[PDB]
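As a starting point, one isolated chain is supplied in structure tokens, in the form deposited in one PDB entry.
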């Protein structure tokens, strides 16, 4: 009656999923062009997915309440990692309380200490691995390693870090990441079947929870004497009290730690990696010299004020990396009730989606979208959705960018880099969180 245009189904069981796999951006643009409409419906394994692909209409996706546009069903596949009743799996008011508590642990007030702590970890890394006059590295692997160290330095007590060090924490997160199946969104039977991948999620989460409980017990054994107990993400969340007067359970605390550490790890690593890749490319020398000018007068020891107040260009670099190659390609909700978007009604039962990948390549909002240009601004309000928006906007943005900017400032003060390829790497769309193709990320570092 008032449905968006349906892109024709020509291969029935998997309507558009194979073409989407082959070229996510190419596919979606072709739907947009052929149907002459930013708002269109594709068919994924038999499920209607209505894409809100017109930037002018972003608010119709991001602003409706959970009860109308629901995130629970689309995050169901992450329950084995977050836990039953945690985050999106909890009743919505309780979901928001949990997410709010997490947000409060990532506030700007803590950054006074985070900045030197982060730089210290970075400098430790570089000293140990970038210690030659010049050397070849995988930049993606190395940025990932730095982000695990910097994040854990900020958010984990030293006792926790001893128990769960960078190597072990990486392995744990990797076991989780490699064992999740986003396809379960469209093949919900997967969540009910015996799968090795589900078992592995349970093992990893159980290992983490065991470690947390041992740390909690040890702190309680030792605290009365200390006069100075450990303050970290774990202790913060443990002291949270819900509006009904009850504390978070360890189960919930573990899940929220999984959520934070998982969320921050890949996105922040990938963002740092893309930024450095672009900045070291010849097409972008004007931009590199803009970064080197920004940071030229900084102390050897970055402080809060340097990073928070005096790095607007470095931040523009991070943001435009996410603009061009957003780590999260597709944001989704389940439609619980009919919703107006543009000239259309999206029916109850649809999955509705808003794709940072598609929207970031709308040529009205972002002319020449495959050009990386940190000096661009959007020409359509709210077109940039790299960190989402509205009800579920990213709560980790500032902390993520804090780490990115600190690495950029620290790396480029002491090194140049040469990309060992003519072009900036292709994005690799095969993974949950999309980064540059790992095998294309070998670079030469050169000490200054």
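Rigid core here is just the name for the largest C-alpha set that superposes within 1.5 Å across the two forms. Shifts are known only where both forms have a C-alpha. Residue numbers count along the first chain shown, from 1.
Of the two stretches examined, 165-173 and 223-231, the record assigns the greater average C-alpha temperature factor to 223-231. Per-stretch averaging of Cα B factors for 212-220 and 341-349 places 341-349 on top. Within the selection 244, 142, 325, 315, the deposited Cα B-factor values reach their highest point at 244. If you compare the C-alpha temperature factors of 185, 126, 201, 261 in the entry, 126 comes out highest.
Split the chain's modelled residues into thirds by C-alpha temperature factor. Residue 279 is in the highest one. Residue 306: CA B factor lies in the middle third for its chain, per the PDB record. For residue 409, the recorded CA B-factor ranks within the middle third of the chain. Only modelled residues enter the ranking. Residue 29: CA B factor in the highest third of modelled residues in this chain (values from the PDB entry).
Annotation for residue 251: CA B-factor lies in the lowest third of the chain's modelled residues.
There is another form of the same protein, the form deposited in another entry; it is not shown, and what comes next is about it.
Large C-alpha shift between the shown form and the other one, rigid core held fixed: of 202, 340, 226, 167, this applies to 226 alone, with a displacement of 2 Å or more. Here is what shifts between the shown form and the other one when you lay the two on the core: just one run of at least 3 residues, every Cα off by 2 Å or more, at 220-228.
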